[PDB]
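Peer 1: Here's a structure for you.
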Amino acid sequence: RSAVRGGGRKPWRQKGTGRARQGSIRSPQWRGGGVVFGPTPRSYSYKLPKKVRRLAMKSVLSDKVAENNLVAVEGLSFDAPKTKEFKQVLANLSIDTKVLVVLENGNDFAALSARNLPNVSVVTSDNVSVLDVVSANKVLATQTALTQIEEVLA
Amino acid sequence: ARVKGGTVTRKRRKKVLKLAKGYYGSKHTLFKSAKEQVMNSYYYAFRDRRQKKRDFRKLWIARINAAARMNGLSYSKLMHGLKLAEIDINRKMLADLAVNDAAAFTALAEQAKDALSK
RNA sequence: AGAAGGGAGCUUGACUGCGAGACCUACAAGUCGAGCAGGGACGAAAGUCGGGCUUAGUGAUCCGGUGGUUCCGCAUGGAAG
RNA sequence: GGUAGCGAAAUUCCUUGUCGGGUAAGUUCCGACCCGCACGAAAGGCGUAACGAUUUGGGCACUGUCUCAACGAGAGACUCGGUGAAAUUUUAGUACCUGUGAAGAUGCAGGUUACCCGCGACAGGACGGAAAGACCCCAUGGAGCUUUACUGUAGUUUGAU
RNA sequence: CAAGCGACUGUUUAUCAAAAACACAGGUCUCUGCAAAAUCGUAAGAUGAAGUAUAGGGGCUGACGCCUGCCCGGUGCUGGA
RNA sequence: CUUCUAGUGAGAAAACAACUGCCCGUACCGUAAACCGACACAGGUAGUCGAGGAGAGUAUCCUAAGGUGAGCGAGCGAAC
RNA sequence: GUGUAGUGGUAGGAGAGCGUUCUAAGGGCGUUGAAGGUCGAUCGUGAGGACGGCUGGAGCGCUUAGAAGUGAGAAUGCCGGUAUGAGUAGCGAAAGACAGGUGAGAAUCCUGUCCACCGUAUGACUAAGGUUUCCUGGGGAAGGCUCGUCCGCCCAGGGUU
RNA sequence: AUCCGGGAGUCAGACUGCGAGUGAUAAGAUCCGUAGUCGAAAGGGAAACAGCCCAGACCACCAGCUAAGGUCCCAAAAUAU
RNA sequence: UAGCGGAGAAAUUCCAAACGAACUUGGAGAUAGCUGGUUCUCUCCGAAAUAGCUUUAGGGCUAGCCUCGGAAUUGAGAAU
RNA sequence: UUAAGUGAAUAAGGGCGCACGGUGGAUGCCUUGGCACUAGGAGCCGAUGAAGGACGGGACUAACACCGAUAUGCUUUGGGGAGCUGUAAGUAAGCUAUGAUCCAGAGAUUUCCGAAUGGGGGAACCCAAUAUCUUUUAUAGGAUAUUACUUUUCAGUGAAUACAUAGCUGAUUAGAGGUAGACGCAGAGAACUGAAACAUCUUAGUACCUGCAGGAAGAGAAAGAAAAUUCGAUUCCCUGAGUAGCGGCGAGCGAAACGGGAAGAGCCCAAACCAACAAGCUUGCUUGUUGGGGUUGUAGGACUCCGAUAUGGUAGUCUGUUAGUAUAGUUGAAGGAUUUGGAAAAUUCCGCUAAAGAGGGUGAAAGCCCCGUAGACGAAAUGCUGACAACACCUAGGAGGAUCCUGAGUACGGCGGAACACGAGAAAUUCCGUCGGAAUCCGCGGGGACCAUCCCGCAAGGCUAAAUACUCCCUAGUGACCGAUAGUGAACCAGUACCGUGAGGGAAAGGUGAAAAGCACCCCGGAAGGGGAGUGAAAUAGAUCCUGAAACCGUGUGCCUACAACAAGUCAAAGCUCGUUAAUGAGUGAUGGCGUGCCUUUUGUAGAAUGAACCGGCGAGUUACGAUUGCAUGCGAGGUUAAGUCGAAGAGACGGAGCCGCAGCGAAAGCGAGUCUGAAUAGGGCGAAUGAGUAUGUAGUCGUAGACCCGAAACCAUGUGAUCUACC
Numbered sequence: 054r055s056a057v058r059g060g061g062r063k064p065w066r067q068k069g070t071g072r073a074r075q076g077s078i079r080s081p082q083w084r085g086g087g088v089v090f091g092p093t094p095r096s097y098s099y100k101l102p103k104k105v106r107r108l109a110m111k112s113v114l115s116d117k118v119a120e121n122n123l124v125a126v127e128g129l130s131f132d133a134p135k136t137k138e139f140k141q142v143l144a145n146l147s148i149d150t151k152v153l154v155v156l157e158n159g160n161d162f163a164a165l166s167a168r169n170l171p172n173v174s175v176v177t178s179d180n181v182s183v184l185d186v187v188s189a190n191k192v193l194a195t196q197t198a199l200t201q202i203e204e205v206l207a
Numbered sequence: 002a003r004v005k006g007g008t009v010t011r012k013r014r015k016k017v018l019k020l021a022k023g024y025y026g027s028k029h030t031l032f033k034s035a036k037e038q039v040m041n042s043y044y045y046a047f048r049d050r051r052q053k054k055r056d057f058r059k060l061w062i063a064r065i066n067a068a069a070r071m072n073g074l075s076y077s078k079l080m081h082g083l084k085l086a087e088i089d090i091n092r093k094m095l096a097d098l099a100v101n102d103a104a105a106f107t108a109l110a111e112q113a114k115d116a117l118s119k
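One line per chain: the protein sequences are A and B, in this order. For the first sequence, full-length UniProt numbering assigns the number 54 to the initial residue and increments by one for each residue that follows. For the second sequence, full-length UniProt numbering assigns the number 2 to the initial residue and increments by one for each residue that follows.
Rendered as structure tokens:
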């Protein structure tokens with residue numbers, strides 16, 4: 054009400070016209086008036102106890118291993134980032150469904166071939182989050198990335 | 002997040018209307034008065050559904066009156082004798098018999114006459 | 001009227017710390033109390049006495065005053081408070 | 001401790017006071033009387049020529065104001081052609097009596113009257129329409145005004161520096 | 001033809017009151033010696049006035065005629081030491 | 001505008017002839033259908049001129065010069 | 001299974017559900033017709049849900065969880081459209097008639113004749129004020145309280161020394 | 001029934017048997033005690049009718065028994081003994 | 001000549017149709033123990049109009065009457 | 001044939017259902033504009049004439065844009081490589097491979113008003129002076145340049161009054177207005193409201209006015225904080241903490257130090273002294289101006305005496321040299337056929353590419369048609385940011401303590417007011433107005449009245465980057481944000497139309513189809529309008545142009561209605577016409593039974609109490625921060641992070657200052673499973689004896705906030721009005 058470009062001059066008298074009483078052109082009932090209890094800018098974000106985060110990550114990974122979905126590859130290498138080979142890498146490894154790839158560090162020549170059909174998505178070993186694992190079915194990860202994961206996770 | 006009011010209301014109102022086909026004037030094209038009319042019709046339907054069962058007794062009773070009285074049995078003494086000779090016909094069947102099967106009705110009236118004669 | 005009424009002798013319990021348990025009641029309040037300790041009064045003792053035959057004679061809190069006090073006191077010892 | 005003057009008055013409750021005049025008949029008017037509820041000398045007392053779209057009583061003249069109405073003219077109203085609003089409005093196939101009821105009913109109850117549709121007139125009723133009572137109370141509501149109500153202050157004055 | 005009110009010519013609530021209301025000429029008290037009192041403004045500045053007590057402001061009464069009694073205890077004002 | 005002096009300070013008058021003269025307003029209505037009133041409104045609008053017969057006269061009655069016939073009508077001839 | 005028992009209800013406390021928009025993943029439909037609209041004699045205890053016929057022509061369902069500008073018949077509510085009153089009241093003072101034009105069309109425009117109204121003004125000139133309404137030639141959709149070939153209206157050109 | 005805790009509405013009542021007050025031993029009056037019903041109660045009877053008499057609807061049926069009150073006709077039942 | 005004001009031959013009269021104190025914007029979504037309204041559904045239970053105190057009497061607090069979740073002994077509830 | 005009795009059918013008009021149109025624009029889908037933010041740039045413009053405007057400029061010119069008498073545009077340097085002369089149809093005129101139009105960077109011209117500045121003024125107008133040059137024989141006419149006010153420097157002139165001082169004249173320096181409706185520093189400073197009234201208090205030093213700025217401002221190098229054991233400029237954030245305090249001790253107001261973090265940074269004067277110049281030359285050595293010397297609490301400096309004459313610095317330049325970047329760009333991978341269509345990107349076969357599967361467009365829905373994206377390259381001109389060059393500037397030890405210096409009407413006292421959480425209170429600390437008035441290192445200030453011992457500092461002179469607040473504007477982005485009654489008031493020629501004298505108030509209005517292919521030709525008609533024929537997949541898509549609901553207005557017809565008192569229905573039901581989501585069917589309805597609308601407020605309603613004319617659309621318990629209880633989850637005598645850093649505006653780890661529980665009683669000293677009161681080991685109040693918490697989600701309630709919405713009469717602060725009316 055106080056933000057609409059309106060005015061504070063009454064429409065007309067309080068009596069006389071027999072009409073109802075009105076205070077301002079701009080007001081909730083009138084067409085083109087302010088809103089009552091409309092949405093304001095807010096936050097929505099909030100954190101948890103520090104232990105349950107770790108319990109969550111552990112639980113997710115144990116669940117995925119519980120059904121033979123972590124496929125541990127020895128080591129991936131490409132001199133040049135040729136997208137086609139990656140497809141063949143999975144074709145040999147028989148992973149066709151929605152998948153997730155975990156890499157060790159800046160051996161980027163193995164990530165620059167992960168703009169595939171969105172069946173794949175790439176991520177290093179410092180950003181493995183909950184969703185980026187739960188949302189997928191199979192997970193590829195080199196042998197060094199496994200140990201690296203087994204470090205940060207204490 | 003602004004939820005508009007597209008077509009949540011007409012479904013409801015036009016569902017009310019159809020329940021008011023054939024009302025004696027502008028009580029079938031005014032979504033304010035059709036509703037009150039439907040309400041009162043519901044009240045009346047409920048009450049009278051408990052009267053449909055009243056009348057037919059008074060009706061069968063008058064018919065047993067007419068027919069029976071012709072045999073010299075008042076509409077009481079007939080029922081009394083019947084419930085004394087241990088005969089237990091239901092009024093509805095007695096009315097139907099009195100209207101159609103005069104011979105059988107007279108047979109029953111004879112048995113009753115015999116009954117309270119004791 | 002076995003007196004709470006009325007005379008007479010001595011006295012100051014018209015005391016300090018209390019209180020099991022009850023009555024009353026929305027609260028805040030008000031009423032009763034056997035009995036323990038200290039220290040006494042009158043009586044030879046037994047015993048009675050924490051005001052007057054019982055029920056009215058009164059006013060939160062905030063603030064100010066007077067006495068006392070093994071309480072506190074902005075670096076410390078005092079003091080103001 | 002109210003003099004001169006006035007005195008049922010722009011002031012008198014009892015009150016249509018009492019007597020006289022005016023009218024066939026006068027609580028209003030005019031004259032006189034004092035028992036001034038409660039007149040009074042610059043918030044002036046008592047006379048007064050002229051003046052008043054001022055208030056009050058009585059005559060003459062005149063007349064439809066009246067007994068008591070009648071007739072004539074023009075505009076509206078009425079019929080036909082053209083144009084074309086408004087306030088109001090829960091839905092309505094909207095009778096009368098005596099009851100009954102939030103204590104006066106078109107609509108309830110019991111009776112009586114009543115073929116369907118219009119057109120010109122009247123205004124008893126629809127607690128009729130227009131203004132969310134101007135009378136009255138309340139709001140621990142306002143605003144304007146007074147004072148020897150409370151608290152302050154502009155302003156005027158007094159003393160030290 | 002008589003009575004009340006008001007002396008008169010004026011003025012008044014645009015839009016429910018035009019009078020017996022206000023004005024009004026005359027009466028009387030009172031203030032003010034000029035940078036006058038008084039008023040507008042914090043002040044400079046202004047009006048009173050290019051005036052000077054036969055002048056200028058304030059209060060009551062309201063042509064004209066005859067008049068205008070008693071009380072200073074109370075409240076103001078002025079004077080007092 | 002007329003004069004008098006102080007006054008810088010060749011020799012200007014008048015012949016006649018012939019030339020030069022800047023910007024702004026100018027249509028229309030204007031007791032109205034063109035302005036002020038929401039209207040093509042029975043209201044308001046300052047100034048000049050404003051004729052003839054009688055008649056004191058710009059009063060009244062009919063008229064000159066001059067202008068208008070008004071923005072819904074045709075019938076009937078009741079109540080009110 | 002089977003017995004026993006209970007099931008009115010305002011302010012109010014408790015519990016379980018229907019529906020709208022959007023986000024996420026999974027799975028789907030769509031020019032061989034989606035959303036939306038209309039009709040149907042269908043299904044569940046409710047809120048509500050399907051199926052088919054016609055219109056329509058580009059996007060929407062279903063499952064699990066999440067977040068809300070999430071549900072309307074009343075505020076003498078606010079905005080738009082349309083009713084009743086009703087073909088009713090009104091058409092804003094003043095005298096016109098005929099002939100002939102003009103034209104798709106005429107009481108309402110042009111022309112003619114007689115009549116009639118004002119004439120200290122309903123006549124002539126100016127100051128404000130208005131701001132192209134002035135003139136010439138075309139037009140008739142809207143304004144003109146009806147009509148209109150006409151206009152202070154619409155279109156085009158041109159006028160203020 | 002008691003105790004601890006989370007969440008409220010209510011503070012304008014009415015009439016009718018009974019027993020008392022003020023009133024005039026008047027009021028559909030007013031102010032208390034006690035029981036019911038209405039408020040928050042529909043169905044039957046009292047012609048119609050909140051508060052009187054009878055009785056508390058989860059729902060369906062064109063079955064059966066009774067309460068208050070009734071039995072010539074409107075209107076179901078006895079023109080009963 | 002201006003609103004804490006102006007002007008008034010004085011009436012609470014006038015100051016752009018409404019003046020016991022002009023209009024317009026801002027504080028401002030002022031305040032209201034007062035009035036009006038507040039949207040989908042079913043199952044379960046279901047009241048009160050009283051006492052006390054109140055610059056209180058149509059408002060409020062606690063108490064009583066209602067509902068929901070737990071603890072514990074009961075034998076405490078009830079009607080004869 | 002008489003008589004008695006019974007008695008059907010027809011509609012001036014109306015009701016119900018069905019079927020078809022008309023007006024009106026809800027609803028479905030859609031976007032040409034919005035809203036809230038993120039990262040980065042940028043944070044002033046002006047006497048060289050600003051912001052904002054008036055008038056003009058085109059073949060046609062009413063408007064909007066761009067431009068300015070060089071007017072729909074001039075010059076130059078780079079980009080680009082085929083059409084072009086805006087909105088906007090059309091015609092006439094042309095331009096262009098000798099590289100147009102267009103994009104980007106530099107320049108040139110810029111009418112009139114406006115601080116407006118020669119004078120005047122009702123803004124976009126009028127009239128001047130003086131010099132120079134022009135037209136006509138000359139007069140008039142035309143153009144150019146200069147001419148305001150104040151102050152800061154300098155000359156001259158000057159005079160009541162002599163000397164010189166006002167003053168005047170001339171030259172010279174700087175100002176003067178605007179705003180970004182934001183952020184900052186001050187001067188001045190309210191009322192409604194809460195306290196259930198109201199005076200001290202609060203609302204609040206807020207709203208409004210005015211002055212002064214900056215890209216940031218304000219503060220800043222201890223007369224500090226502390227209280228053993230110390231630390232050493234300022235700002236900002238977490239926690240301390242709703243604590244100590246204040247308060248008609250009422251409603252309410254409410255800190256600071258310690259601790260953890262972000263960013264870091266310190267300098268320059270006065271004085272005492274030393275020299276040169278000038279004056280009184282007291283010729284005593286006083287005055288002054290320069291230049292030198294010196295900047296502090298562990299007291300420092302001067303002053304004397306010796307060493308060295310180095311060594312380290314920058315918060316300066318618009319000075320060069322380089323590197324980067326902002327403003328135009330360039331390059332940029334891979335598809336055919338078949339079935340439905342008017343049209344494929346759809347469907348079915350068979351292929352290909354990807355550092356490119358983000359997005360937008362094409363006749364429906366595209367990795368492979370088009371614009372692009374991932375990559376890779378690129379500047380003649382101009383600007384910024386670095387770096388290192390050069391130049392500018394600044395900075396030395398040790399030892400002595402005889403004498404000198406270390407900020408005056410200042411500190412501080414009385415009085416009266418304000419500022420500190422602190423309302424005079426026992427009131428320290430800080431300011432303002434008035435009066436009184438200190439010492440000089442053996443000295444001074446402070447440690448919350450005041451004194452003593454102790455401890456910590458040196459006022460009355462200046463400057464100072466960063467960490468912090470804001471967004472009119474530009475660039476690129478994002479959103480469990482809106483989708484024409486929403487979102488800005490405004491998606492369209494909007495602060496416009498319109499209303500008011502004036503300040504001021506302020507709307508409604510988007511949608512043809514893929515492409516105008518926007519209906520040639522005939523016919524009725526004055527026209528408008530219509531009927532064929534055509535365009536089109538579809539004209540019921542024909543310009544009122546997608547879909548097209550309801551109130552409201554009509555046409556046709558199956559059933560009923562002219563002896564009937566109807567909250568308008570429901571239960572019962574004859575006949576008449578039908579034939580469905582196929583099931584104890586649909587429509588209508590003679591005749592009988594029964595029956596006083598809906599909402600709110602009330603002891604009570606049909607009320608003759610109160611609201612609705614009807615249909616559609618919008619239109620009310622929410623969110624942030626605290627507190628408490630239930631449910632659930634992770635650890636459990638423990639739980640647990642905050643600010644902040646790296647990270648995609650995420651996750652996702654570090655970060656142990658701090659809070660809560662584990663011990664209570666007492667006002668307090670204190671005591672401790674006990675303690676308080678008391679003479680008491682008495683008794684009594686309160687807790688222990690097993691007794692669990694904490695972090696987060698969620699929901700119910702409460703508190704501060706406008707807190708469920710609408711509704712006054714009034715109050716305070718800047719403005720606008722005497723064209724009506726009142727007086728002059």
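Quick reminder that beta carbons are idealized off the backbone N, C-alpha and C, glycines included.
1) Does the segment 3–20 of chain B come close enough to the segment 144–155 of chain A to have 3 or more Cβ pairs within less than 8 Å?
2) Looking only at its chain, what residues have a beta carbon closer than 6 Å to the beta carbon of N66 of chain B, apart from the 5 residues adjacent to it on each side?
3) Buried or exposed, going by whether 16 or more other CB atoms sit within 10 Å of the CB of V88 of chain A?
4) For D115 of chain B and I88 of chain B, what's the separation of their Cα atoms in angstroms?
5) In angstroms with no decimal places, state the Cα-to-Cα distance between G6 of chain B and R58 of chain A.
6) Distance check for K191 of chain A and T150 of chain A, CA to CA, integer angstroms please.
7) Could you tell me the boundaries of the beta strand (DSSP E) in which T195 of chain A lies?
8) With DSSP as the reference, label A125 of chain A as helix, strand or coil.
9) Within the same chain, show all residues whose beta-carbon is closer than 6 Å to that of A194 of chain A, passing over the 5 residues directly before and after it, in chain order.
10) Assign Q201 of chain A to buried or exposed, taking buried as 16 or more other Cβ atoms, counted over all protein chains shown, within 10 Å of its Cβ.
11) Hey, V186 of chain A and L165 of chain A: beta-carbon distance below 8 Å or not?
12) Taking DSSP as the reference, what is the three-state secondary structure of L114 of chain A?
13) Identify, in the order they occur along the chain, each residue of the same chain with its Cβ nearer than 6 Å to the Cβ of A113 of chain B, setting aside the five sequence neighbours on each side.
14) Helix, strand or coil for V205 of chain A, going by three-state DSSP, please let me know.
Peer 2: The short version:
1) With the rule of 3 Cβ pairs closer than 8 Å, the segment 3–20 of chain B does not count as touching the segment 144–155 of chain A.
2) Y76
3) exposed
4) 13 Å
5) 27 Å
6) 7 Å
7) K191 to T195
8) strand
9) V155
10) buried
11) no
12) helix
13) Taking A113 of chain B as the centre and dropping the five residues before and after it, the same chain places the C-beta of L79, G82 and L83 closer than 6 Å to its C-beta, in chain order.
14) helix
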